[PDB]
Structure formats: C-alpha cells, structure tokens
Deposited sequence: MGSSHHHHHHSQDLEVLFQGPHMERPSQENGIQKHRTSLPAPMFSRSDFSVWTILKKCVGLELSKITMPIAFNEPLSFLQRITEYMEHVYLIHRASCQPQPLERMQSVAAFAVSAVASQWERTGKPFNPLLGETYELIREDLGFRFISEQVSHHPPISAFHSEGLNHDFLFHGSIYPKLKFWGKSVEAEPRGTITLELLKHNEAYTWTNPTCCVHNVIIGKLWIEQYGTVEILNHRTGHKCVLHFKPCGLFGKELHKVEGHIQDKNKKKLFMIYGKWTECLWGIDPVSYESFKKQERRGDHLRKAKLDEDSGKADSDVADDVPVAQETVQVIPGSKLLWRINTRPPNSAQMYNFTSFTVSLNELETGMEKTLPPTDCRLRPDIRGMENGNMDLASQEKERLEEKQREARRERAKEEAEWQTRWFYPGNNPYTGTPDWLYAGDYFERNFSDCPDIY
C-alpha cells in the first residue's frame, strides 16, 4: 500500500554540524567563531543609545506645549529622530562588557544620562536620562536581537522606551523599529528601517501609530514613514508622513482628503540635522557622536571605573591601532569569561550596580528600572572589568 522505509539508509548516520563538517571534510578544526573587529565602530552600544538625546530639543519642545495633541507631535518627531542617525552607519557598535557603564552630562542641552550594561547573555542595556530642569524622565532597556540570513542582517532593538513628561504628569511608551543592513556578503552596505511603532499617552489615551515602510518592489517606498495620531476613541486627529532620512510632516485629516511631496497647510514636525563634512571619514558619525567617547579635562576624578571612555579596545580603534585594539578586545573578553567561571564555582549571581529588575509601571512588561543615586558617585564596590 504505502511504503514503510526509504530505499537506502542515511548517507551519514552521524551527528554532524558545522564544526564537525569543517573538521572531517576540510582540515580545519575550530575553537572560536567571533565577530572580527573590522565590522565594528569606535563606539559602545551604551553610547549608541545615548544618540537618542541628540534631538532632546524635541522633548523640550513637547514639554512646553499646552495641549496633548501638539505634545504627541513632538514625541512622535523625537522617536523618529532617534533612528535617523543609522543612515549610512554600517559599523557595529562594540558589544559592551557586563558591568560596563556610560554617563553623559550636558548642561547646555538640559539632561544628564546614565546607562549600564545590565546583562550579557542575552546582552541587555539599561539607560536612564532626566532633564536638568525637572521637565522629563527618559529611560528604558534595549535587547538588540541580531538576526542574519541571505544578504542582510536584521537588528531588532527589543525593549520598551519610556518618556515621562513631568510638568504634564503623563508618560509615553513605544518600541523602536527593526534595522536592516543589506549587502553584508557582497555589494555596498546600506541601511533600512521598517516596522510599526505605537506611542501611547498613558493618561490621555492618545496613541500615535507610525509605519516605517520597507522599500517595496524596486524600492519606491524607501525610508517612507506614514502614520496618524488618534485619540482615546480611535478618532484620527492628525496625519503624519515623510521620511526618517529627511523630514517629518503633519496635517489635519480634513486637508488630507482635500522626494517627499509636501501638502499645502502642513507643518514641519522634524528635519534631520546635516552631517559634518568629515562624517564619511569618521565612521559616518554625527557631530553629537564624536563627543560621546571624549575624555573631558579633569574627568579622571568623577568617572566610575566602568565608564567605556576608559575602555581600551574602543580607544585603540579610535586611535587607529587595530593591532592592539583587537588584542585588547580579546583580552577583555577572556577576562569576562574568566570572571564568569569564578562567579559560577562560588554559586554567586552577578549584581547590577545601578539598575534593578522590575516591571514597567505603565505596561507591566518586565523592564530594568533606574535605582537612583548614581550621581552621588559612591564608586567603591564597582566591578573590575578593564
């Protein structure tokens, strides 16, 4: 009736994987497959998150708007502006060590920033930023899930972003879209962003939906962003459109019915900053990106021993010495693996210095909350990671 077996037995009745194939078929026995330093950029991922604050003026602008509709327009413009720096940025930020931290104080911009690499398996980065004029709280946690297949590498920054406007007693939450790096095998590396972003005003019911459109057939929808701002009863109040690599516009639904085409009567929500001319000769950094890993004058007395400005492999790549930056990275990672074994032979879990596990008080999703008192600078009992 129906056959019960295959004509011949399996060609190889052995447990075979990649490492087994390389050992038996070719002569290569492998001991480690890691990320070569060439694909990196002189930048910690903790500092990559700090680039969200480049457009902090949109938070200042949202904090001084009277009504919730105009605040969401600036909150949506800020969330879109946070991903704009990825354009032509094909270098991968360094995977930060467990216990790594980064602080940034900018009096001229009205915020102080603190981030900590809170986990390694999986890599989790918790960040907190508060306004220096009692205006906003900006915090969250990022698990960057990298996925690769074909010609492209997807990077999904999983985690909840939280923006708390103090002077209005409200909070916004959303998630960043997926970043895609094409032509990683052959061709010119180029960046794309797609996904759906939903910003929720947790005391007014306002919700802003943003569709980062993937480039369709032949790429006619490249970088296009289209969305809307609805109220609590799903009534659309505002139409949003543009490109995250250029500008973001807004218009009322009445005029909506009546190479970004710009409808008359629309108002600008955000426009991308022009990059400095030395950007391409600088890993495509922005002006705000170069200031991130700068060791300020007299900063040796205030920084904790876990600030990535002290990290040598990033500093070595920044100075152009790949030879020792590759060896320092290998030295730092072996020390991190070595420190893990000792923490396992004594059955002791790793302690986070500045953030603690908890639930986001607006969505219930597990999050990494800021514990406070980082800037009183009690920097004993810190990890020795460098």
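Engineer: Where does the model skip over parts of the deposited sequence?
Structural biologist: Gaps in the modelled chain, taken against the deposited sequence, lie at 1-33, 292-327.
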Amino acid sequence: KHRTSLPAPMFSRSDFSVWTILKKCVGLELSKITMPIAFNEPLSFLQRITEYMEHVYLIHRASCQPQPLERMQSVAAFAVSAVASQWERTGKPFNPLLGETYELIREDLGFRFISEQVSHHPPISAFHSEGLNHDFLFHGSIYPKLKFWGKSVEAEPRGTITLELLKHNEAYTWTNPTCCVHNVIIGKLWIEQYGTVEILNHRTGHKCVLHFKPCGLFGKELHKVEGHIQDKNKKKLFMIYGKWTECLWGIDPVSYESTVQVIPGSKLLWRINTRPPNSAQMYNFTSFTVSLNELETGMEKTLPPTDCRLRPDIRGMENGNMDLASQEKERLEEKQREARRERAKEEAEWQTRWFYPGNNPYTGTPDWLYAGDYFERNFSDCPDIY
From here on, numbers count along this sequence of modelled residues.
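Engineer: Got a sec? Mean C-alpha B-factor, which is higher, 212-220 or 158-166?
Structural biologist: On average, C-alpha B-factors are higher across 212-220.
Engineer: According to the deposited model, is the average Cα temperature factor higher in 129-137 or in 174-182?
Structural biologist: It is 129-137.
Engineer: Taking the Cα B-factors listed in the entry, which of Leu46, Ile59, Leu69, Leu30 comes out highest?
Structural biologist: The record points to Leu30.
Engineer: Between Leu269, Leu310, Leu237, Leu98, which one tops the list for Cα B-factor in this entry?
Structural biologist: Most elevated C-alpha B-factor of the set, per the entry: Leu237.
Engineer: Divide the modelled residues of the chain into thirds by Cα B-factor and specify which third, lowest, middle or highest, holds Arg275.
Structural biologist: Answer is middle: the recorded C-alpha B-factor places it there.
Engineer: Where does the C-alpha B-factor of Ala348 rank in its chain, lowest, middle or highest third?
Structural biologist: Its C-alpha B-factor, which the entry lists for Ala348, ranks in the highest third among residues of this chain.
Engineer: Going by the CA temperature factor in the PDB record, which third of the chain does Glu192 belong to: lowest, middle or highest?
Structural biologist: According to the entry, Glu192 has a C-alpha B-factor in the chain's lowest third.
Engineer: Where does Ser291 sit by CA temperature factor within its chain: lowest, middle or highest third?
Structural biologist: As the PDB entry reports it, the C-alpha B-factor of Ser291 lands in the middle third of its chain.
Engineer: Should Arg340 be placed in the lowest, middle or highest third of its chain by the C-alpha B factor in the entry?
Structural biologist: CA B-factor rank for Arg340: highest third.
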